[PDB]
Amino acid sequence: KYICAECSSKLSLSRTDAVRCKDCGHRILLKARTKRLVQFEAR
Amino acid sequence: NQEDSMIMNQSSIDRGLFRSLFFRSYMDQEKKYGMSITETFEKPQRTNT
Amino acid sequence: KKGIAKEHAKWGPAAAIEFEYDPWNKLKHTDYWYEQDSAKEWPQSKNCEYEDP
Amino acid sequence: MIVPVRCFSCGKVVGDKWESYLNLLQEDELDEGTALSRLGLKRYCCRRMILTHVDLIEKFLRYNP
Amino acid sequence: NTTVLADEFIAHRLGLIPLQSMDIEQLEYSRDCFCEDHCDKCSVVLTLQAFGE
Amino acid sequence: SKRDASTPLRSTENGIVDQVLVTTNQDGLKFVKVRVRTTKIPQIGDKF
Amino acid sequence: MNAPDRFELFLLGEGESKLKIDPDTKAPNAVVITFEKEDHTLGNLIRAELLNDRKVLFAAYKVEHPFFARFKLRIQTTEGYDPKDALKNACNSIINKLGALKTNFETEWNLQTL
Amino acid sequence: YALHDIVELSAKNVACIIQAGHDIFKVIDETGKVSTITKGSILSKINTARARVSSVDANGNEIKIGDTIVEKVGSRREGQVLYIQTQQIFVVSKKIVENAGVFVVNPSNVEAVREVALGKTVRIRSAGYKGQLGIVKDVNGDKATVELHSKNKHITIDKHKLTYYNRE
Ligand SMILES: [Zn+2]
Ligand SMILES: [Zn+2]
Ligand SMILES: [Zn+2]
């Protein structure tokens, strides 16, 4: 559900939980793209 | 193209001519109005709202 | 999908389609812009060799 | 970022020869015009499309992401 | 997708990629044939996978 | 019990959300930043 | 935000006729044929073929606006000559010329090894 | 309580105020009888706007709150319906001063003067944008408005010719 900017490792944290990366002290905590199907056209 | 106007090729436009990417950033904070009270980032469910 | 270049340039089967006619100024369709000499300013086209001057 | 797939003016595919263009510039140490002519670009539209392109994709990939 | 590029950008680049169309006459427009979910009778499906190590 | 305080998207602009990040402010309060990317093609009204 | 439907340019709309023929009161034996979802490509060729016929007197094609894929051809012929017959003859001649050109090109390509 | 307000006197009694006072209210009941009561006699105020009550007139045309109706018999009083009772309707008329212009009449004696597609990804089948992912915004009836993912435009297309897909 979330990834680290540097480590790029999944966290899958829940509510009322720290937003800091477990592996490193960086806490950017980027989120991966949605699993929903997405379509684009060259037009 | 009068009055300094111009005519641009539609084929070139759709083929990759002067295409642009626009990025807009929105920022949100849970600024506290009073101690012990803070905002929550959750999907509204229409209950008590 | 099957389509034509009119809908989008990506379907264009040909890049450049050169079309020419009347190399020598026989029909007077074009009035060459000249300052000293029309022939000197404008070099002869490649196809000119295929028609009588 | 990447070389355009097709020329804006005519639509000729010029992205295949971009790597060949770089190799000719570096490996053979040929000038821009001679290399472009060897690649088979007659119209100056493709000449300026290839010559004027800048490889920002390599710059972007320098970062860790 | 996690490349530095954009999904729309890569889609546009892929659109310009030439594809073999010798048997285009045999192929039929999707809007013509009564199909569902881009049937192969009117469309060609490919898959792209790539990642460095 | 609570009042909605969501940030609606711009009425006159639309596009595909590109990235979303969550961090902590100087005081530790939760902070969110969402960047939306749109592809704009030249049109008649566009100025060059 | 409201760009025209690109596919609609070459595709007929719902409940739209490909050709609309109406009479013209400007001159005797004058007709107007509105071609829908067509460009200069066919109109210019049809008009040129019509002008090549002696019986045809006037044949002019006009495009109202680039936005709309549509044009109007005004055709006036001699008395007793239905414009539709002249248009059909011109189209048949165009088809014959195109077929002859295709056959000649195929023969030339076959003759040449490359 | 203000003038013309609907007061629920009891579980089965509903009245309309014709003279709103401080603690004394004159109200006409469904039977047309006008009586004076105290503030405590009113259990609660019925919200006409939020009241989903409808009746059938003599001609069969549906009548709702606020619709202008004219009596078929009597004085042919014309007025706007404020509230609809099970067997009676309260109508206020600006041309009548008696009882503050509010009168109770039988409905038969007057004449009038859930989208599953929404919020789900769809693909069009028979159109110029067939096979294109779209998000349904709203439906106006027999037509569904969908925003295309790859195009910044909303198009209205019949829902029957669209195929629905799972969230993922
Ligand atoms: Zn980390
Ligand atoms: Zn070119
Ligand atoms: Zn099909």
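Residues numbered from 1 in each chain as written, not as in the entry; some residues may be left out. Chains lettered and ligands numbered in written order. Part of a larger assembly, values for the part shown. Heavy atoms only, no water.

Per the header of the deposited record, the title is "Structure of Sen1-ADP.BeF3 bound RNA Polymerase II pre-termination complex".

Draft legend 1. View of the side chain of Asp14 of chain B. The residue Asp14 of chain B is located in helix α1 (residues 10–15) in this model. Separated by 3.5 Å, the side chains of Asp14 of chain B and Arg6 of chain G make a polar contact. Beyond its immediate stretch of four places on either side in the chain, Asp14 of chain B contacts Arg19 of chain B, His8 and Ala9 of chain C, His12 of chain E together with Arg6 of chain G. (Helix = DSSP H or I, 4+ residues; strand = E, 2+ residues; numbered from the N terminus. Polar contact = N/O pair within 3.5 Å; in protein donor to acceptor, adjacent residues only side chain to side chain. Contact = heavy atoms within 4.5 Å.)

Draft legend 2. Representation of the nonpolar core in the model. If you look at the biggest cluster of nonpolar residues, it comprises 16 residues, and the most contacted ones within it are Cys7, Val14, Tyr21, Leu41, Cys46 and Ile50 of chain D. For this core, the secondary structure elements donating two or more residues are α1 (17–26), α2 (32–39) and α3 (44–52) of chain D. Examining the composition of this core, we find that four residues originate from one element, α3 of chain D, more than from any other. Beyond its immediate chain neighbours, meaning those up to four positions away, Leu41 of chain D contacts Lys12, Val14, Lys17, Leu36, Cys46, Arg47 and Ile50 of chain D. Of all hydrophobic cores here, the second largest spans 15 residues; its members include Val31, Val56, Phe71 and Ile94 of chain G. (Core = buried A, V, L, I, M, F, W, Y, C linked by side-chain atoms within 4.5 Å. Buried < 20%, exposed > 50% of the residue type's maximum accessible area, 1.4 Å probe, protein only.)

Draft legend 3. Main features of the coordination of the zinc ion (ligand 3). All names here are of chain E. Distances from the zinc ion (ligand 3) to its protein donors, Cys33 (SG), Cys35 (SG), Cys39 (SG) and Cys42 (SG), fall within 2.3 Å. Around the zinc ion (ligand 3), the four donor atoms sit at angles spanning 105 to 114°, and that spread fits a shape best called tetrahedral. In primary-sequence terms, the residues that donate to the zinc ion (ligand 3) follow C-x1-C-x3-C-x2-C. When sorted by exposure, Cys33 lands in the same class as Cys42, which is buried. (Donors = N, O, S within 2.8 Å, 3.2 Å for Na, K, Ca; no water. Tetrahedral: all angles 85-135°; square planar, octahedral: opposite > 155°, others 65-115°.)

Draft legend 4. Highlighting the pattern of salt bridges. Scanning the model with the defined rule gives 20 salt bridges over all chains in all. Between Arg77 of chain H and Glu71 of chain H there is a salt bridge, and its shortest N-O distance comes to 2.5 Å. Because the salt bridges share partners, they merge into one network encompassing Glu8 of chain E together with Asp18, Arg35 and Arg37 of chain F. (Salt bridge = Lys/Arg side-chain N within 4 Å of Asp/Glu carboxyl O.)

Draft legend 5. Spatial organisation of the sheet that holds strand β1 (residues 6–8) of chain H. Spatial ordering of the open sheet is given by β4-β3-β2-β1-β5 (chain H), a layout of five strands whose pairing is antiparallel. Since the sheet does not close on itself, it has two edges, and those belong to β4 (34–38) and β5 (45–46) of chain H, each with one partner. (Pairing = 2+ DSSP bridges.)

Draft legend 6. Seen up close, the interface of chain G and chain H. Taken together, the contact pairs five residues of chain G with four residues of chain H. Summed over both partners, the interface of chain G with chain H comes to about 340 Å²; 48% of that surface belongs to carbon and sulfur atoms. Contact with chain H buries surface across chain G, with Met1, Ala3 and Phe7 of chain G losing the most and accounting together for 81% of the total. At the junction of chain G with chain H, the criterion picks out two residue pairs in polar contact. Among the residues forming the side of chain G that touches chain H, the class breakdown is three nonpolar, one polar and one charged. (Buried area = accessible area lost by both parts, 1.4 Å probe. Nonpolar A, V, L, I, M, F, W, Y, C, P; charged D, E, K, R; others polar.)

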